[PDB]
Structures are given as structure tokens and as C-alpha cells.
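What follows is a single structure, written as C-alpha cells, with notes after it.
Values in this text are rule-based calculations from the coordinates and carry no lab data. Virtual Cβ from ideal backbone geometry, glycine too; neighbours counted across all protein chains shown.
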Amino acid sequence: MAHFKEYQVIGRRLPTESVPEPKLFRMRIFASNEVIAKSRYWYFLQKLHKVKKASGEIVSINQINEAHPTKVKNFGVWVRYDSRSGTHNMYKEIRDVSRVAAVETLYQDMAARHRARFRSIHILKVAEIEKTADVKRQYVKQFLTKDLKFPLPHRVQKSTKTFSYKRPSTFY
Amino acid sequence: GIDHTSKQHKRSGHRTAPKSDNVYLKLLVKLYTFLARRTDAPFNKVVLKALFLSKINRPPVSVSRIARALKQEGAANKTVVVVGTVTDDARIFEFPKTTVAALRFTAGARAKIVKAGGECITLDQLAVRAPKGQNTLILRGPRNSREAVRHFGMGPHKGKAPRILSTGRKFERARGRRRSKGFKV
Amino acid sequence: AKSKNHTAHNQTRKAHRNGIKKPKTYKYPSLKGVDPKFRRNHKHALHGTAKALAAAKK
Amino acid sequence: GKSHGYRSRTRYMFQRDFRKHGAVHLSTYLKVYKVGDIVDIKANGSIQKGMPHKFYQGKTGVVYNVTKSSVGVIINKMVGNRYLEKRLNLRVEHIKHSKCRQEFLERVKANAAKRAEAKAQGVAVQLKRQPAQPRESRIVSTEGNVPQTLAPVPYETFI
Amino acid sequence: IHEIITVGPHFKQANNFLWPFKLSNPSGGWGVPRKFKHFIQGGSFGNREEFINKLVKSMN
Amino acid sequence: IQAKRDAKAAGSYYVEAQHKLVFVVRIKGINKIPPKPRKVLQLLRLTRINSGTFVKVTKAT
RNA sequence: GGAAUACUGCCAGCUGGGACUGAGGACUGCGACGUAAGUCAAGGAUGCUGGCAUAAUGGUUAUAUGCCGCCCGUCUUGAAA
RNA sequence: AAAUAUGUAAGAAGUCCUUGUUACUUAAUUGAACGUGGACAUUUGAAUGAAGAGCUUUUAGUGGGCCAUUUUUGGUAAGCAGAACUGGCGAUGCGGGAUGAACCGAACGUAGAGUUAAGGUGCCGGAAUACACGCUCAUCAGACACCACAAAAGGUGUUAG
RNA sequence: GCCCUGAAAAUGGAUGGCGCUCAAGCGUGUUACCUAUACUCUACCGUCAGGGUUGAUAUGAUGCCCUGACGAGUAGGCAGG
RNA sequence: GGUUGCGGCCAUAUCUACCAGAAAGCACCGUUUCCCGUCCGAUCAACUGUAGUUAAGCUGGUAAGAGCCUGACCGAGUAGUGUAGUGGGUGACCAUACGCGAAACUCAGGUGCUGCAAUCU
Ligand SMILES: [Mg+2]
Ligand SMILES: [Mg+2]
Ligand SMILES: [Mg+2]
Ligand SMILES: [Mg+2]
Ligand SMILES: [Mg+2]
Ligand SMILES: [Mg+2]
Ligand SMILES: [Mg+2]
Ligand SMILES: [Mg+2]
Ligand SMILES: [Mg+2]
Ligand SMILES: [Mg+2]
Ligand SMILES: [Mg+2]
Ligand SMILES: [Mg+2]
Ligand SMILES: [Mg+2]
Ligand SMILES: [Mg+2]
Ligand SMILES: [Mg+2]
Ligand SMILES: [Mg+2]
Ligand SMILES: [Mg+2]
Ligand SMILES: [Mg+2]
Ligand SMILES: [Mg+2]
Ligand SMILES: [Mg+2]
Ligand SMILES: [Mg+2]
Ligand SMILES: [Mg+2]
Ligand SMILES: [Mg+2]
Ligand SMILES: [Mg+2]
Ligand SMILES: [Mg+2]
Ligand SMILES: [Mg+2]
Ligand SMILES: [Mg+2]
Ligand SMILES: [Mg+2]
Ligand SMILES: [Mg+2]
Ligand SMILES: [Mg+2]
Ligand SMILES: [Mg+2]
Ligand SMILES: [Mg+2]
Ligand SMILES: [Mg+2]
Ligand SMILES: [Mg+2]
Ligand SMILES: [Mg+2]
Ligand SMILES: [Mg+2]
Ligand SMILES: [Mg+2]
Ligand SMILES: [Mg+2]
Ligand SMILES: [Mg+2]
Ligand SMILES: [Mg+2]
Ligand SMILES: [Mg+2]
Ligand SMILES: [Mg+2]
Ligand SMILES: [Mg+2]
Ligand SMILES: [Mg+2]
Ligand SMILES: [Mg+2]
Ligand SMILES: [Mg+2]
Ligand SMILES: [Mg+2]
Ligand SMILES: [Mg+2]
Ligand SMILES: [Mg+2]
Ligand SMILES: [Mg+2]
Ligand SMILES: [Mg+2]
Ligand SMILES: [Mg+2]
Ligand SMILES: [Mg+2]
């Protein structure tokens, strides 16, 4: 729930003599360590299949490192979340370098705007919007123009010492 | 802090010397704690302890109580230890021989014993003959024979005794002591 | 004036200071309320089974 | 006034089972009880006689006595800070042999049997019950089982 | 040590022999704002699995 | 280790043996504890904050 | 295709700075290193040097300074009230 | 028809074989109880703990309680009255909640060094005017559990959907 | 979501106060730092427990010696002074 | 395997309708002097097993049959709930963490099992 890692979690039902070799199930899971990952795998599984962990086991847990972690990407993010009065589905886009990067601002962005803590949010699907102009949310289309350049008006150099023998300039 | 499961600073509820002050007894103790410590011999550890007892837990051992413990198989020639005071009992006639180590002997009790060609040693004497307490037979008296203990438990249907200052009909023999006067006990 | 009426508050704390224990237990337990004829006959089966053992010592 | 009669609060405790009213089957009267038998107490409200007081409903105890139509049962009962001994005169209709003791006897018969077939081999036994342990390592295969991968579900009203 | 890490036959009597360990407080800190939630929720209490080592070692 | 790499190599998944051992540190102090856990706390000798013992894992523990 | 590195963990790997303590008072224990005689950081500090005399230092006291401290006794679920 | 609670059992006072007693009981040396004699001790019959277990006698105070979470009754409600389990206050200081019986943290011999809890780190005040992404402009902003309240209803403010 | 309206009470006042507006406000995340009579190590007091020891051998045998653990307190109980 | 007598569990056995039933048994059935009971030899009692009949009882078979039983990753890991937080929220109430976990619903299978004794193509 913090600095995020992405996990594959592969699990299954406990084998019965009647059903040796039950079917294996997988999720991609974003958590900060692997304990929370495994715990999340059950949370969801319990809501999809009829299973609790006391009646199942976790087969594998492997980290999914970003394939091209220095290529800037436009992400599609689908989300299901709880407001104070309803629960809702929600699409938004995020431009970043990795999935793990993206999800973290996703998780912050949900708190900033809709005041949604981590607990009240399900990450439905996340995906690299292949062809630009499949980007729809303007606040990313805005960065896609040819030869995009912009200044950073009003520079504010932080100070090392509390007194200054000159009136500062903000000029970048 | 500590979630104590045990009452802190509790004292072994056990006498550790005699409360007494008879210098000779303290001497007798000083002897048997030495014996008790510097040997094995369960006997000394047991005698040591039993010197600490209060007069109530030292009920008297009788001369008939000794004689009868001597009709035990293979015991006729053991030496009976009675960390306490041996008393006389007119009720046995033929009384055997044997040597008896006690703390005190009543007048008639060292008679009886002696007259039968028997012996009356003291525990520090006994100590010498039997460092490891060999061939000895320890005998205690009847504690529950006490008259105090008659009234312990006094409750409805416990069938114990009233503490009454004087007895007869007209003294707690009516209501509660019979079906015809309300109820019984 | 009116006062509190009842509560069991604190009562199990009190009961569990030096309490509960178990029930005390014995082989050869009390024969209170056992079938009187059977007791009567048990009496006799015992005297007999005693006897017969002292006969086996001569 | 308050009301604390003998069978109070026992409206549902002494009801019969749904579609099990009427004559009590003969099995009940054919089971035989010796002393030291461990019996389960469960009242039958059609047999009004020899009834256990509602306390003892659901309580197990040992037979101390056997009579024409009833067993006497010893129950340990807590009053205040201590268990007290309790003697119950219950008609057989309200009483049952305790299966858990039969698990035990049968196990004791097992454990004497296991112990024999080991001295008849001079080998070791290992007779105490062990409690359910961890789990050892496994290798599940993917042959015919490529992990279907799942994802969380959208919200959707169905009403 | 061996009889512990491997569990095995007299673990019971081995481990009981071992007086409870008196650890300090964690030099470094608990790594979380409040401890009396679960490790899954933001820190301490409950099974933190093979994270217990980093913890103990700082209390050791 | 190699067990894991084999299983992977053979298109499988070596799922590990469940841990038989845990170490328990108690981190809550001694006030305001409910009778049940308080008892269990003592039966594992964790009777003082930051004290810790080993526990063999079975269902019963 | 062959590497690096991050992250995580291990070392009975090697080292610098700072702080508090020095209980015990012959010997007896477990070791360590030595080819050896012996040596040692191995069941609790020693060594070297220096300072102090109407004094260094310590005790009490007054005052100031920082922080903190409501009136006791009592009855009461509750008192500075 | 749960959950939480709740009874009992997990062996030497046991298991087995042989055959003794009696006036009970049986058609019946059949049973029933209680025995003699023989055999079976590595885990002897799950776990974990045990700071020892058992036991007697006797006496003080007390016999107005109250609070919190949860369950819950009366009442429009109450800092109201009244029960359930537990933990507290009372009897108890210490650190935090400015303050405060009851919250949180933690319970206390005299001390040194370290580390922390709950809570904090602009200045009062010990401790980053730290790092990071958003959000918000109020001619009545807002600022932390217990807690010192705010509602229906509205807004072409602004954000995301 | 945040912000605005809805939103009226009596001495002058309270996010604790000052003051704070890309916060010193609201939501979320990362580290570092401060600090209880609590935790870890050590000295000392006491209490409790376990052990050694007057074997011929100067001055306490209710003593000397070694070891571990513990220490809140009204009403009240006992003890040592 | 039929059938009967005495049963065990007491619907997988009961309910409704339609058929089918060799052999033995059971049954219906014939009779009223006798013991015996009735307003009524219908029930009850006795007598013959002789005059008759499988019509009924009884036994099975059928039925998208009513009911009842069994299952199920059917619904539902839902409802409810033990434990946790200085969690969200003005509140009503809600989410999360470690656990336990149903009812209805839906569908699928089924429709007596069995002991003792006797007897039968
Ligand atoms: Mg300039
Ligand atoms: Mg005798
Ligand atoms: Mg007596
Ligand atoms: Mg007398
Ligand atoms: Mg009054
Ligand atoms: Mg009142
Ligand atoms: Mg009262
Ligand atoms: Mg009244
Ligand atoms: Mg009433
Ligand atoms: Mg009811
Ligand atoms: Mg009926
Ligand atoms: Mg009657
Ligand atoms: Mg440390
Ligand atoms: Mg550091
Ligand atoms: Mg530090
Ligand atoms: Mg963290
Ligand atoms: Mg010194
Ligand atoms: Mg001087
Ligand atoms: Mg002064
Ligand atoms: Mg002040
Ligand atoms: Mg002042
Ligand atoms: Mg008053
Ligand atoms: Mg006062
Ligand atoms: Mg219980
Ligand atoms: Mg044990
Ligand atoms: Mg008393
Ligand atoms: Mg009293
Ligand atoms: Mg009184
Ligand atoms: Mg408190
Ligand atoms: Mg008071
Ligand atoms: Mg307090
Ligand atoms: Mg406040
Ligand atoms: Mg100020
Ligand atoms: Mg400062
Ligand atoms: Mg600033
Ligand atoms: Mg709140
Ligand atoms: Mg709006
Ligand atoms: Mg007004
Ligand atoms: Mg005013
Ligand atoms: Mg708020
Ligand atoms: Mg903030
Ligand atoms: Mg934050
Ligand atoms: Mg201190
Ligand atoms: Mg004290
Ligand atoms: Mg007629
Ligand atoms: Mg007729
Ligand atoms: Mg007839
Ligand atoms: Mg018929
Ligand atoms: Mg049907
Ligand atoms: Mg709490
Ligand atoms: Mg709340
Ligand atoms: Mg509020
Ligand atoms: Mg709920």
C-alpha cells in the first residue's frame, strides 16, 4: 500500500482425492510487500470463487518488473471505488514510465479528489493505450503535441541559510 | 510491568525453626540440621522438620501405641522414634522390651518401658547410635483426637459439634435439632 | 432513595481469585443414594469375599 | 411479580422435534446402563416423569446408580467459586450413552492392538495423537492447467 | 539452536528450557505510525512472516 | 533453491513446505487485556512487553 | 546473445568517531595462541602522566534562573471546589 | 438456522486373560457389583504452560458504587433511569488528549546509558518552515478519535467522474 | 470531492495561543527526528526463593557466603523497628 | 426373490390417480349350537376351511404427479457474526484486517432399508 511493487499471484483450491489437481488461478496484484499481496489475492478470490484460504493454498508469488521501464507511456486505468454514499466505476488515464509508477499516482489521485483511501478502491484493469489518439482524457492528450515545450515560470530556489544579503529573483 | 501469574513475595508457609526458645531444643535442632544437611538419610530431614512442630502437631504418642506398632512384622527390634513426648497407658499389660527415643517421657512412661528391661534414650543419643537413622520406626500421635477439632465444620448437616458452654436438654436440643420442632439441623 | 438493584459485575473476578478448583475425586466414592437392596447384598458379597481370602492363608 | 417456576424459560427446550412427536421409540427402552457409564442428558417433554431440571439439559455425567426405570447420574455443578457434586434421578427416556466415550474405548482397543503388532516385531509404536501439521512441499504441474487469471468486477445494480 | 530451527523431537523440552527472550525496543523504530493495527494495514501485530527477522534483529 | 528452478524449468511450480516454526514477540503492554488472550499470552510465556519466544506450528498452536 | 546494476538477504569479513559503566578483590573455571619457554582481549580496570593547599572538591544554606507544584482533614461514584 | 459463548472425554482409579465372593438378579455359575492370580511402562495414550500441588483454622474491611466499547429495556430525549460480558475508575501515580477520575500509551524500590509507545517536530516547545501528488480562496475558510454538535434543501464556484 | 448558502443570544475570547493561504488547511504516500515512572544492559536498597557452610580450627549460626526473580496501593491484615 | 408372524430405524415408508399380480401365504368370504359382545353376529366372540373371489385389502409398476429424502465450486463465501484500529461519516450507517459462516433459492439424483423365525414354483 505505498511504494508499489506489482505481483503475479497464482493459487488454487486444496486438492481432494475426488479432485486431485484443481484449477489454478492468477491475479496481478499491486502491493508494497508480498504479505499484503498474498492477502489481497484471497480478498478478491473470496469474492469471485467460493473459497477461503483455510480451504486453499497459494502456489506462486512472483514480481512483475516493467518490461520497458524507461519508455514513457499513456495508461488506461479502470477503477471501482466506494464514495460515502454509493460505489462507482471510473476510467482515467495516467502518463508515466511504469505500471508501478502509474498505480501510485492513481492511488494518490483517488484520495486527492474523491477522498478514497486505499481500502475502498478496486483496480479493475490497467493498460498501455497503444495508439495515441486512443487517449481520450485531455489532461494527457495535452502532452502529446508535436515539439511540446513549456517554461516553468516563477522559480523559487530554496534557501540554505535563514538570512540573505540580497533580494531573491524568481527568473528560471 | 509484568502480567504476574503468581503472587509476588509469598513466603513458604512453613516453619523454619522452632518458635520455641528452649536452648536445649535449639541445640537439638542445631544437631539434626547438621545431620540432615551432611547426609542423605531421609530420616534426619524428617526429624529436623518435626522438631519445628507446634504442640498441637506434636500430639503425644502412647506406650500402648508403641507396643502395638511393635507387633508389626519384622519390627519387634526396631527403635521407635517419637519426636514428641511419650505417655503412659495403664491399659496394656504385657509390654515388650525395646529402646525408645523421644523428647520427653512422662513418669509412668519411662517406668513401664524400663521395668520391661527396656531403654529410654534421647534424640541426640539416638543421633549417635543411628547417624543415618537406621532400624528406626517413626510414630506420630492422633492429631484429630483433639477437642478443638470437634467443632470444625459446624454447619447444617455437617454433623459436627456445637460450641456450647454447658450441655443438657435446654441447651440447643430443640428448634433445628428435630423434625418436631421446626426442622432438623 | 432508589439504589442499584442487581449486577453480576466483578463476581467472576471474585470467584477466580482462589477459585473454581475441580471437584475432589476418589476411587471408592460415596455410596449415597444407591439401591438399598444391593447395598445389603453387597455387604454380604464382601464379608464372603473377605473370609475366603483369609481361608487362603490358613 | 417475577416468576421463577421450575420449568420456566423452557418453552423451546422441552418441545419435541418437528414431525417427531408421539410415542418414544422402543430403542430407548432397550439400551442398558451400567455404573460408570457416561450419559448425555436431554429431556423429553412427553415423558413428564423422571425429568431433569432445565439446568442439566445439555450436560453429560456419570451413572452412580441403576434402578427399575431410571439411572442416577452424578453431575458436577459450579455454584459460586467451586464445583459441587450433584445427584440426578433421571428416567431413561431423558438419557443417552455418550458417543465420545465410545470413540475412546474403541481407540483404547486400537492402541492395545497396535502395541501388540510392534512387540511382535520389537519395533517402535508412536501411539499419542498428533495434531494437524503444516504441510510439506509440493510441485503442482501446469499440464492441462494453465492458470486462468482473474480480475476484479465492475459495479452494477441488478434491482 | 539446531533443535529449534529444525523443530524435531525434543523441541518442546529444548524450547521450554529457553527462558523467554528479553528483547529491547526496536533500535531504528517500528517503521510505522501506529503499531496496534495489523501488518497488512500499516504496521505491527499479526504475522509479518519473513519480516520478523528485520524486526527482531533491531530489538536484539 | 534448485527445486524451484527445476519445477519452473518443467513448466510447474514448486510450492514450498509450510513453515513449522515461528518466533513471537509481544508488543502490547499488560493493561486492559481480555481474559482469553491474556491466558494464551501467559501460556507462551509472553508476559511482559517485547519479550519473545519460539513456537512450533501446529493447528493446536 | 553476453553482461552490469537495483532490490532483498547472509558472513563465526575487515575497520574509524562518540557516549555511559569499571560492580568484584589471593588462587581454583571454560578457553585462546604458541614447536616450545611462555603469552592472552579467556569467571567484572589497569597502566602512564599531570593538577590541588588560607586550595581542587564535597555538604548545608540564601537568592536567582529553566521547567514543574491548586488546601489540608473528611464524607463521597466524584473535592482545589 | 449460525457466530460468540457452553457440557463431557483424551487411560495405572487403565486395558486384557484366569476364576473367587453374595441373602441381590437370572430359565440358568446366568448377570450384577466387589475381589484373588497372570500379562502389558520408549510416545502410557493430543497441545501449551506449571512461577509447586494439596489442605486446615481463623479473623479485618466491605455489603451507596461509577465509567468505556459491545449487546440491550423504558423514555422525544438526557451529563436520564435500568440489565448482559469484559475491561477500567473507585484504591493509581507516570507519558499523551492544552485543560480534565473513566480515552490513548503504559502501571510505579533508588539511579546511570540506550531505545521506544501513544502523541508530536513554523514559533510558544524538545524534534525536517522535510520530501511527494492532488485538493481548497471562504466581505462567517479550515485545521484530528473519546470531544465539546449541526440537518433537509440548494449553488453556471471549482475539481474528477 | 473541497468551497459557498441554508447557519439567530445574551461580560470580551479562543484549532490550547500566536499566526498560517503551491499552508503551519483537507486527502494520501515516503523517510528522518523528538520524548514516560514502559522495554534492553549495569550499580545499590529491600522482599521472596534455591543452595553452600562452625569438620579440630577468636570477633554475630536468629550468622557468613553463592544464585535467580520480583517491587503500584485506599479500606484492611500481619511484620520489623 | 414371493409371503406371513414378531420387529428396528419411523415418509426414499406418506398422499393422489391408473394399471399389474404366477405360487404359497394373507385376505375377503360361509356358518351361529357352544364360551361371549352387540340397537344391529356390522365390530367383538365362537364354528367350518367346507360354498365362493382376487373385486377389495395387501404387493409391486406408471406419473415433465403433491409431499418427503440426498447432493451440489446452485445461490453465496452472500446474510449474520468473534476479534482490531486515534478507520470513513454530521449522523443514520459503512468500508477494511485476522477469522467463523448460513437460510431461502436453483438445479440434479432418489422414492424404503433391514433383523429373527416360518413357508412357497
Ligand atoms: Mg536582484
Ligand atoms: Mg495391618
Ligand atoms: Mg484423630
Ligand atoms: Mg475424646
Ligand atoms: Mg431507600
Ligand atoms: Mg440513582
Ligand atoms: Mg446495594
Ligand atoms: Mg427494590
Ligand atoms: Mg416475568
Ligand atoms: Mg427464548
Ligand atoms: Mg402423531
Ligand atoms: Mg405427578
Ligand atoms: Mg536495541
Ligand atoms: Mg540508522
Ligand atoms: Mg535514533
Ligand atoms: Mg512501510
Ligand atoms: Mg573494584
Ligand atoms: Mg578544604
Ligand atoms: Mg528557599
Ligand atoms: Mg504550573
Ligand atoms: Mg505559578
Ligand atoms: Mg453528593
Ligand atoms: Mg479534599
Ligand atoms: Mg471452558
Ligand atoms: Mg505440558
Ligand atoms: Mg472472612
Ligand atoms: Mg465477613
Ligand atoms: Mg458482612
Ligand atoms: Mg486506567
Ligand atoms: Mg469510597
Ligand atoms: Mg492510571
Ligand atoms: Mg482536546
Ligand atoms: Mg504561546
Ligand atoms: Mg525547536
Ligand atoms: Mg516557511
Ligand atoms: Mg469518526
Ligand atoms: Mg459541485
Ligand atoms: Mg440567540
Ligand atoms: Mg460574548
Ligand atoms: Mg473531517
Ligand atoms: Mg498533509
Ligand atoms: Mg500523511
Ligand atoms: Mg528508573
Ligand atoms: Mg507496596
Ligand atoms: Mg349379535
Ligand atoms: Mg360375519
Ligand atoms: Mg372374529
Ligand atoms: Mg385385508
Ligand atoms: Mg414429485
Ligand atoms: Mg484499544
Ligand atoms: Mg466509529
Ligand atoms: Mg465528529
Ligand atoms: Mg457488516
Only sites in a loop by DSSP and with at most 16 other Cβ atoms within 10 Å count here; which GluC sites (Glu not before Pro) in segment A:57-122 make the cut?
A:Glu66
Quick one: divide the alpha-carbon radius of gyration of segment A:3-69 by 2.2 N^0.38 Å and tell me what you get.
1.19
For the pair D:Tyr12 and E:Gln13, what calculated FRET efficiency results from E = 1/(1 + (r/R0)^6), where r is the Cβ-Cβ distance and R0 = 35 Å, to the nearest 0.05?
0.10
Find out how many positive minus negative residues lie around A:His3, taking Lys and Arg as positive, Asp and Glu as negative, among other residues whose Cβ is under 15 Å from that of A:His3.
-3
Given charges of +1 on the Cβ of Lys and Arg and -1 on the Cβ of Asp and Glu, with all other atoms neutral, how large is the dipole of chain F about its Cα centre, in debye to the nearest 20?
440
Per DSSP loop assignment and a cutoff of at most 14 other beta carbons within 10 Å, chain D keeps its longest run without exposed chymotrypsin sites (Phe, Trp or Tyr not before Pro) at D:19-154
Taking 35 Å as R0, compute the FRET efficiency from the Cβ-Cβ separation of D:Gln102 and C:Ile20 and round it to 0.05.
0.75
Once all Cα-Cα distances of segment A:70-146 are split into 5 Å bins that start at 0, what whole-number percent is in each one?
3, 15, 27, 24, 16, 10, 4, 1, 0
Project the alpha carbons of the protein assembly as shown onto their principal axes and report the range along each, largest first, in whole Å.
135, 84, 83
Pairwise label distance in nanometres, A:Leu152 with A:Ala133, each label 7 Å out on the Cα-Cβ vector
3.2
Would you mind computing Rg(Cα) / (2.2 N^0.38 Å) for segment D:1-88, counting N as its residues?
1.22
Calculated over segment B:44-143: convex hull of Cα atoms, volume per residue (Å³)
95
How much length would be gained if the chain were fully extended between B:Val149 and B:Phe171, taking 0.36 nm per residue of separation minus their Cα-Cα distance, in nm to one decimal?
5.9 nm
Once fully extended, how much extra length lies between A:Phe118 and A:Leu14, figured as 0.36 nm per residue of separation less the alpha-carbon to alpha-carbon distance?
34.4 nm
So for the pair A:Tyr43, A:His68, with labels modelled 7 Å out along Cα→Cβ, what separation do we get in nm?
3.2
Can you pull out the chymotrypsin sites (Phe, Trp or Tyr not before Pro) in chain E whose DSSP state is coil and whose Cβ has at most 13 other Cβ atoms within 10 Å?
E:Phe36
Restricting to DSSP H runs of at least four residues, report the calculated mean residue ellipticity at 222 nm for chain B, -39500 (n - 2.57) per run over all residues, nearest 500 deg cm²/dmol.
-7500 deg cm²/dmol
Name all residues of segment D:34-69 having a backbone nitrogen under 15 Å from the label point set 7 Å from the Cα of C:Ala8 along its Cα→Cβ direction, giving them as ranges.
D:55-56
Between helix D:99-119 and chain D: long-axis angle, C-alpha atoms, 0 to 90°, nearest 10:
50
Around D:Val146: net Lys/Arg minus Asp/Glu count, Cβ-Cβ under 10 Å
+1
At most 11 other Cβ atoms within 10 Å and a DSSP loop assignment: could you name the chymotrypsin sites (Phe, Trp or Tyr not before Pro) in segment B:1-101 that fit?
B:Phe93
Based on the Cβ-Cβ distance from B:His157 to B:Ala111, what FRET efficiency comes out when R0 is 51 Å, to the nearest 0.05?
0.60
Tail beyond 19 Å, pair distance distribution of chain E (Cα, percent)
46
16 Å Cα cut-off, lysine pairs counted over segment A:3-69 (separation 8 or more, or different chains):
7
Under 25 Å Cα-Cα from B:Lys19, which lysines qualify once same-chain neighbours fewer than 8 residues away are excluded?
B:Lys10, B:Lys30, B:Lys45, B:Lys49, B:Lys55
Take the cross-link list D:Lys59/D:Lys96; C:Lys24/F:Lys36; E:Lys22/E:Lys54 and give me the ones stretching past 19 Å between alpha-carbons.
C:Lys24/F:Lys36
Grab the DSSP H runs of chain D that are 4 residues or longer, score each as -39,500 (n - 2.57), total them, divide by all residues and round the 222 nm result to the nearest 500 deg cm²/dmol.
-5000 deg cm²/dmol
Here the averaged projected area of chain C, based on the convex hull of its alpha-carbon atoms and given in nm², is 9.2
Starting from the Cα gyration tensor of chain D, take the square roots of the eigenvalues, sort them a ≥ b ≥ c, and report rounded, prolate or oblate (rounded when a/c is under 1.5, otherwise prolate if a/b is larger than b/c, else oblate).
oblate
